[PDB]
Amino acid sequence: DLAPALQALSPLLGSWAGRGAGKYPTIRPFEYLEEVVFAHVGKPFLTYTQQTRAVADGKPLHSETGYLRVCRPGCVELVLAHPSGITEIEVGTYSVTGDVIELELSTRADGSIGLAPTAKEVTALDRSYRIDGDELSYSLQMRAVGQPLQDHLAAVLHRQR
């Protein structure tokens, strides 16, 4: 069933929902609801899809989709497409301390960003995830549009039954 390489990350499997917030020097702050699903097809990667929407009415905001590859246990390659015309490969590592998993990834660690002709100029993304039991939280930092690498999105999600 589950590929051996994915065993440490098995607590990610399933559906998660919660709420977060975003900011950047070039935009107004905002908040969002978020739904994520992690699944697999028997190979050494997880599938991942995310949709966010406005807190007030539920209007679609951002989404992302792709794969969390486990090269060899302890190392990850996150490969993502964004509907904003951007692709992202973040590379990094994780650690398990009991029911806590900490994952740290970045495009800056031999990752990649691709920009469609009409996309905004994003040049680096860093992600820090913590899965603690039924709570998943993250912070994402971004370097883009003339601004230095800094906090951009963060959320807390909870495992759905």
# chains A, B, ... in the order shown; residues from 1 in each chain; ligands from 1

$ closest_atom_pairs --of "stretch 21-132 of chain A" --to "stretch 138-151 of chain A" --cutoff "6 Å" --atoms "only C-alpha atoms" --output "CSV"
residue,atom,partner,partner_atom,distance
A:121,CA,A:145,CA,5.4
A:122,CA,A:144,CA,4.1
A:123,CA,A:144,CA,5.5
A:124,CA,A:143,CA,4.9
A:125,CA,A:142,CA,4.6
A:126,CA,A:141,CA,5.1
A:127,CA,A:140,CA,4.5
A:128,CA,A:139,CA,5.3
A:129,CA,A:138,CA,4.4

$ write_last_selection --atoms "C-alpha atoms" --output "mmCIF file, in the first residue's frame"
data_model
loop_
_atom_site.group_PDB
_atom_site.id
_atom_site.type_symbol
_atom_site.label_atom_id
_atom_site.label_comp_id
_atom_site.auth_asym_id
_atom_site.auth_seq_id
_atom_site.Cartn_x
_atom_site.Cartn_y
_atom_site.Cartn_z
ATOM 1 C CA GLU A 121 7.870 38.293 -10.298
ATOM 2 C CA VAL A 122 8.351 35.786 -7.502
ATOM 3 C CA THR A 123 11.954 34.756 -6.909
ATOM 4 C CA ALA A 124 12.032 32.693 -3.740
ATOM 5 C CA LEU A 125 9.654 30.806 -1.477
ATOM 6 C CA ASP A 126 10.424 29.175 1.860
ATOM 7 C CA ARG A 127 7.984 26.855 3.689
ATOM 8 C CA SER A 128 8.012 25.702 7.292
ATOM 9 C CA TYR A 129 5.400 23.054 8.267
#

$ select_by_dssp --residues "stretch 26-124 of chain A" --states "strand (DSSP E)" --output "MDAnalysis selection string"
chainID A and resid 30:39 45:54 60:70 75:82 86:97 100:106 112:115 122:124

$ atom_distance --atom1 "atom CA of residue A:92" --atom2 "atom CA of residue A:21"
23.8 Å

$ closest_residue --among "A:136, A:8, A:33, A:153" --to "residue A:54" --atoms "only C-alpha atoms"
A:33

$ select_by_dssp --residues "chain A" --states "helix (DSSP H, G or I)" --output "list in words"
residues 4, 5, 6, 7, 8, 9, 10, 11 and 12 of chain A

$ closest_residue --among "A:46, A:68, A:17, A:155" --to "residue A:105" --atoms "only C-alpha atoms"
A:68

$ decode --residues "stretch 56-104 of chain A" --atoms "C-alpha atoms" --output "mmCIF file, in the first residue's frame"
data_model
loop_
_atom_site.group_PDB
_atom_site.id
_atom_site.type_symbol
_atom_site.label_atom_id
_atom_site.label_comp_id
_atom_site.auth_asym_id
_atom_site.auth_seq_id
_atom_site.Cartn_x
_atom_site.Cartn_y
_atom_site.Cartn_z
ATOM 1 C CA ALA A 56 -16.804 36.267 4.470
ATOM 2 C CA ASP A 57 -18.507 34.672 1.428
ATOM 3 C CA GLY A 58 -16.287 31.756 0.395
ATOM 4 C CA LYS A 59 -15.102 33.240 -2.893
ATOM 5 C CA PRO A 60 -12.106 31.264 -4.311
ATOM 6 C CA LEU A 61 -8.737 32.902 -3.699
ATOM 7 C CA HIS A 62 -5.502 30.954 -4.350
ATOM 8 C CA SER A 63 -4.927 27.239 -4.871
ATOM 9 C CA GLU A 64 -1.925 25.042 -5.469
ATOM 10 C CA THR A 65 -1.438 21.464 -6.581
ATOM 11 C CA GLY A 66 1.383 18.990 -7.074
ATOM 12 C CA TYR A 67 3.506 16.417 -5.276
ATOM 13 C CA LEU A 68 5.692 15.846 -2.228
ATOM 14 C CA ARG A 69 8.437 13.507 -3.392
ATOM 15 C CA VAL A 70 10.572 11.684 -0.861
ATOM 16 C CA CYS A 71 13.938 11.192 -2.508
ATOM 17 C CA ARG A 72 15.273 9.055 0.221
ATOM 18 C CA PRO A 73 13.775 9.229 3.707
ATOM 19 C CA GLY A 74 14.445 12.581 5.375
ATOM 20 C CA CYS A 75 14.682 14.566 2.169
ATOM 21 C CA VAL A 76 11.736 16.081 0.260
ATOM 22 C CA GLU A 77 11.127 17.725 -3.106
ATOM 23 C CA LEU A 78 7.869 19.685 -3.212
ATOM 24 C CA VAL A 79 6.765 20.234 -6.799
ATOM 25 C CA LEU A 80 3.871 22.697 -7.298
ATOM 26 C CA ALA A 81 1.768 24.490 -9.883
ATOM 27 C CA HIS A 82 -0.084 27.729 -9.061
ATOM 28 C CA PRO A 83 -2.984 29.228 -11.016
ATOM 29 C CA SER A 84 -1.220 32.563 -10.879
ATOM 30 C CA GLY A 85 1.165 31.287 -13.606
ATOM 31 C CA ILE A 86 4.004 30.180 -11.316
ATOM 32 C CA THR A 87 5.671 26.818 -10.759
ATOM 33 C CA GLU A 88 7.714 26.050 -7.637
ATOM 34 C CA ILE A 89 10.161 23.347 -6.603
ATOM 35 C CA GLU A 90 11.181 23.521 -2.962
ATOM 36 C CA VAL A 91 13.770 21.179 -1.483
ATOM 37 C CA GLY A 92 14.391 20.345 2.120
ATOM 38 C CA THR A 93 14.251 17.968 5.012
ATOM 39 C CA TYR A 94 12.072 16.818 7.874
ATOM 40 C CA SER A 95 12.366 15.368 11.336
ATOM 41 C CA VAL A 96 9.978 13.292 13.469
ATOM 42 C CA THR A 97 9.879 13.838 17.224
ATOM 43 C CA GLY A 98 7.046 11.607 18.416
ATOM 44 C CA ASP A 99 3.735 12.972 17.168
ATOM 45 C CA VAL A 100 5.478 16.063 15.798
ATOM 46 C CA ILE A 101 6.793 16.302 12.217
ATOM 47 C CA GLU A 102 8.771 19.435 11.244
ATOM 48 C CA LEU A 103 9.361 19.994 7.504
ATOM 49 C CA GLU A 104 11.587 22.832 6.225
#
